[PDB]
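The structure appears below as structure tokens.
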Number of protein chains: 2
Amino acid sequence: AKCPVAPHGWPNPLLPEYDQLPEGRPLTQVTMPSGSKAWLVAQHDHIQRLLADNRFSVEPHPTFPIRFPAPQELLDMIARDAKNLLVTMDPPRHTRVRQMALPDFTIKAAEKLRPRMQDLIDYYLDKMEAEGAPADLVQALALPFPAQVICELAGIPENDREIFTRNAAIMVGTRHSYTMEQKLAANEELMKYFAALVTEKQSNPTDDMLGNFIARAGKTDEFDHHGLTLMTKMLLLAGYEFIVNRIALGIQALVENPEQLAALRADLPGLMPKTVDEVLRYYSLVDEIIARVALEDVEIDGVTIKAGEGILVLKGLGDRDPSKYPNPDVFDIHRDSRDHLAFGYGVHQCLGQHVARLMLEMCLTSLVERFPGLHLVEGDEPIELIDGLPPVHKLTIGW
Amino acid sequence: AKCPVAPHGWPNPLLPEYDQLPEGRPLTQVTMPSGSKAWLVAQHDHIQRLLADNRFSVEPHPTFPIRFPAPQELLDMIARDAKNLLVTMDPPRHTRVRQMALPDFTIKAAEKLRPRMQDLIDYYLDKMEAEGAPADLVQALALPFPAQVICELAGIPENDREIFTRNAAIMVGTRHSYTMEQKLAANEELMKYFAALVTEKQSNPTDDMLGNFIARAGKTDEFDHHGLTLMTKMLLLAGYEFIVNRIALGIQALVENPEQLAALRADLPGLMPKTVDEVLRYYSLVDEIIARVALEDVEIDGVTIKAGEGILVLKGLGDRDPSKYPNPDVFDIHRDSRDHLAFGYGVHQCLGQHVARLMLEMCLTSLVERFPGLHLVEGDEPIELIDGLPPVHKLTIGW
Ligand code: HEM
Ligand code: HEM
């Protein structure tokens, strides 16, 4: 019947880890390239219980689970900067640093962004509608719109935006869109820009997410300038790839399920929150693993995760867990998916989740309201495959 | 009870082409890296109808479907030696060259090998039982036994068989067993050995498969010495990786289905033929694509495959075709699998198929009989993963 598969047009294979579990997806111990041990965690309940457990850590550790062999020199450089990234800090330092940004990421603070966000969307759909009737939604909305929202978060003036848009789009593209050279260079330019932006917030403070974070951090001795630059990068780019893919894949799911799209448009107030939840849950399959290391022995359902052993949270499979979501591999906006794992769980659960939800909701609502004839379209020429895969993500649509 | 998935322990992902088809797996046109066009062919009926058609070609062609981007010089290299490989010859020449080896590959010819094969199997199985109950069937039998059979086919004397065996193992191992530098080393070692074996049979003829073919070839002007060397590599090594893995995959399938193992042991004469068929059919999924280019337009279903265009036959999906095999993704020795596609179809259908069938049958019969307690030794120890995959082919059994 229905199976976990990569979405149509997806330019990556699914994570091979998904194929490494017995039937029933029990906790499965594996040996990492370094000889360290980790556990594959794919059950929705196990993921929540383990990611809420204070005995697991995100910080560098001699047996932290690392999935590929890599030169230890640059392992060491990454581990040295982990203290400057919120996602690799444990509590209680994690708690204090997260609180420096948190007031600008609440539901109500995100909501304050809605009028500007609608202007951005209205802009992109005006442009899409004014040009040719067949459009690539990845290029027309999914890539550029969140970049602009990030600039609003960072108080970046409009003159500077078009060039951060350039480098952000390079970071997030496939290997067939931008070289390993153009990327590590666009990274360098972003890091230069982020350092100059931090400096600019320290003089002349501003009332935006980044400005208020920099200000709150300055009242402590928690970061030097290099640490504020890494935090700035994380706060602005940690979610870019995710939200880009969720916008395109969400619209793809709706046009691939026209009966649900028809029902959604008839009842936007009642079905849009569920639609957002279902796009979040269903496309966790194409998201990355969430990794931790145990600091103490952890017992769960008759298995012992020993201190120093990793857990590899197969987040996408947890959101396809049949005991939590009946017929889990069917996309269905009517299901109960409120408890999804797309944002993770526990203390590191996505700081940007309310900004992210609003971006996804507002994009889906606007395309659905504005294009009652919205449908999937084949395109000029047959699908390109390189090594059997689509080289870039695109979604060709008509209306 | 469905979902085509990689077998447990398989060190590669499934072919990404498998994921590029619409529901129903219709004939699906794609654009290759070079810009040429090809068709994805996954329906059992279509595969037979297209591979039967003499309008398709295996010979170099400006728009032959090539799945990866490639230097033209290395295309050139492959192209100028396609005259020397049966697998890249079209009829009429393909028919005449194949006749030079066919007599030693018939059902009757293969059956002549059964006495020697049984002594080979008994040797490896003695050595395995003696060496201790937890054994890796890949090392113990699946790799070396078919290498020996090839030695018997080529008339390779016993004093050379240890080196030939380890070199064959090198070329079929994953990138983690052996290096690409370590592999090309064994390639030219084997190509030197094959060119010396050609010379030896030209001066001291023999009645083995390879000797007969060299003699029959010498009665014509078809090959120079380099040609006979290439042909010798193909006739000896074309199926080695396939039969190695089928032996191991077949034992895994039987143990993973104890009720079918039990019925096989109770009725070996009636059920072993069907077991071989189903091991061939079911594991086509992990075999390679079959490719052709059209030399004229070919109409099928509703589609016209135009003269410049390729077909990429998704042989393994064809053997999972639901309209040909009910519940196709269930391994079931009791089903009708006689029409399977594992050996291909049409003029190029596997030359070694009868030797391959006998090797597989004899191995399964001897293992199943000799070790009543036969089971898999897995689930208790951590599996090694590199980049999320089993690093090497391995099948740990016990009895
Ligand atoms: C659909 C969109 C998004 C998804 C699916 C997503 C997913 C996630 C996940 C799974 C985590 C937890 C990783 C872990 O526990 O190791 C996380 C953390 C985080 N996300 Fe997002 N994210 C999204 C959008 C965003 C956006 C738009 C932003 C910022 C503008 C953002 C900022 C962050 C930050 C700063 C963290 C670190 C939180 C911490 O360590 O306390 N994310 N995200
Ligand atoms: C389970 C075992 C095997 C499988 C699944 C298999 C599969 C195949 C397939 C699918 C083809 C056709 C390729 C195409 O049409 O492009 C083929 C051809 C061929 N096979 Fe096998 N093979 C196996 C064993 C062997 C063995 C043991 C040998 C040699 C002793 C062998 C030698 C050949 C040769 C020489 C060809 C080329 C025939 C031609 O082009 O006319 N194969 N095989």
Side-chain angles (χ1 to χ4, degrees), chain A residues 3-19 67-68 135-147 168-184 186 237 239-253 255-256 279 282-289 315-317 331 342 376-397, chain B residues 6 12-23 28-35 37-38 40 65-70 289 312 314 387-389:
Chain A
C3 319
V5 296
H8 286 141
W10 195 239
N12 312 322
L14 296 179
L15 291 158
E17 279 87 351
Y18 294 165
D19 283 299
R67 284 156 47 207
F68 43 62
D136 181 2
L137 192 70
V138 170
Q139 289 303 321
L141 175 75
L143 267 184
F145 164 71
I170 298 176
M171 291 295 88
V172 81
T174 62
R175 94 190 141 100
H176 303 289
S177 271
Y178 300 106
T179 83
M180 185 76 274
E181 169 69 68
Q182 318 192 222
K183 292 164 92 86
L184 250 53
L237 294 193
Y240 183 53
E241 169 149 78
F242 283 139
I243 191 57
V244 166
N245 77 61
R246 279 320 200 285
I247 288 163
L249 292 164
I251 285 297
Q252 182 175 337
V255 301
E256 287 180 338
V279 168
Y282 191 77
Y283 290 112
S284 286
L285 200 65
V286 297
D287 291 346
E288 262 300 342
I289 287 170
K315 192 192 80 185
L317 277 187
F331 181 93
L376 220 33
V377 157
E378 299 314 278
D380 285 11
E381 292 267 317
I383 303 316
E384 302 181 341
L385 302 177
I386 310 185
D387 308 319
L389 284 168
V392 314
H393 199 210
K394 51 197 290 174
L395 186 65
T396 62
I397 52 149
Chain B
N12 316 117
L14 292 191
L15 282 156
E17 283 81 352
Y18 291 170
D19 286 298
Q20 310 311 320
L21 302 126
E23 218 197 335
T28 291
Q29 196 181 44
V30 300
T31 305
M32 299 294 263
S34 75
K37 295 196 185 180
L40 299 183
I66 309 298
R67 294 171 40 192
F68 50 94
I289 293 177
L312 295 172
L314 312 189
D387 313 317
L389 286 155

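Per chain, numbering begins at 1; letters A, B, ... match sequence-line order.
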Sequence neighbours excluded, which residues qualify as side chain to side chain donor-acceptor pair (under 3.5 Å) partners of [X]?
| X | answer |
| --- | --- |
| B:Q20 | none |
| A:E241 | none |
| A:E288 | A:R67 |

Please report the closest heavy-atom contact between [X] and [Y], naming both atoms and the distance.
| X | Y | value |
| --- | --- | --- |
| A:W10 | A:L249 | CZ3-CD1, 3.7 Å |
| A:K315 | A:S284 | CE-OG, 3.7 Å |
| A:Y18 | A:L14 | CD1-CB, 4.0 Å |
| A:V244 | A:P146 | CG2-CG, 4.3 Å |
| A:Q139 | A:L143 | NE2-CD1, 3.7 Å |
| B:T31 | B:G35 | CG2-O, 3.7 Å |

* Asked: With A:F331, which residues qualify under ring pair (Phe, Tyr, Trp, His ring centres under 6.0 Å), at least two apart?
  ->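 Applying ring pair (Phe, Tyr, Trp, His ring centres under 6.0 Å) to A:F331 gives A:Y282.
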* Asked: Residues two or more places apart in sequence or in another chain: which of them pass ring pair (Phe, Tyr, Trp, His ring centres under 6.0 Å) with A:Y283?
  ->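 Residues passing ring pair (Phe, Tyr, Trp, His ring centres under 6.0 Å) with A:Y283: none at all.
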Residues 382-393 of chain A, side-chain donor-acceptor partners within the protein, below 3.5 Å, at least two apart:
| unit_1 | atom_1 | unit_2 | atom_2 | d |
| --- | --- | --- | --- | --- |
| A:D387 | OD2 | A:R175 | NH2 | 2.7 |

With rounding to the nearest 0.5 Å, note down the distance linking [atom1] in [X] to [atom2] in [Y].
| X | Y | atom1 | atom2 | result |
| --- | --- | --- | --- | --- |
| B:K37 | B:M32 | NZ | CE | 13.5 Å |
| A:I397 | A:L137 | CD1 | CG | 4.5 Å |
| A:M180 | A:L184 | CE | CG | 4.5 Å |
| B:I289 | B:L312 | CD1 | CG | 5.5 Å |

Can you name the residues that form a side-chain contact (heavy atoms from CB on, under 4.5 Å) with [X], not counting sequence neighbours?
| X | value |
| --- | --- |
| B:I66 | B:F64, B:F68 |
| A:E378 | none |
| A:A169 | none |
| A:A140 | A:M128 |

* To do: Tell me, please, which residues at least two apart from A:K394 pass salt bridge (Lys or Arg N to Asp or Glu O under 4.0 Å).
  =>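 Scan of A:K394 (salt bridge (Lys or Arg N to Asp or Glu O under 4.0 Å), adjacent residues dropped) gives none.
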* **salt bridge (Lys or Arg N to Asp or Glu O under 4.0 Å) involving B:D19 - partner list, sequence neighbours excluded** =>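 Partners of B:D19 by the salt bridge (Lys or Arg N to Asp or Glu O under 4.0 Å) criterion come out as none, since no residue qualifies.
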* Look only at the side chain of B:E17 and the backbone of B:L314, and say whether a donor-acceptor pair between them is shorter than 3.5 Å. =>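 Answer holds: no.
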* Would a distance-only check, ignoring hydrogens and angles, find a side-chain to backbone donor-acceptor pair under 3.5 Å from A:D136 to A:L395? ->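 Here the side-chain-to-backbone pair exists.
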* Is B:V30 close to B:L40 at the side-chain level, that is, under 4.5 Å between some pair of heavy atoms? ->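 Answer yes - side chains close enough.
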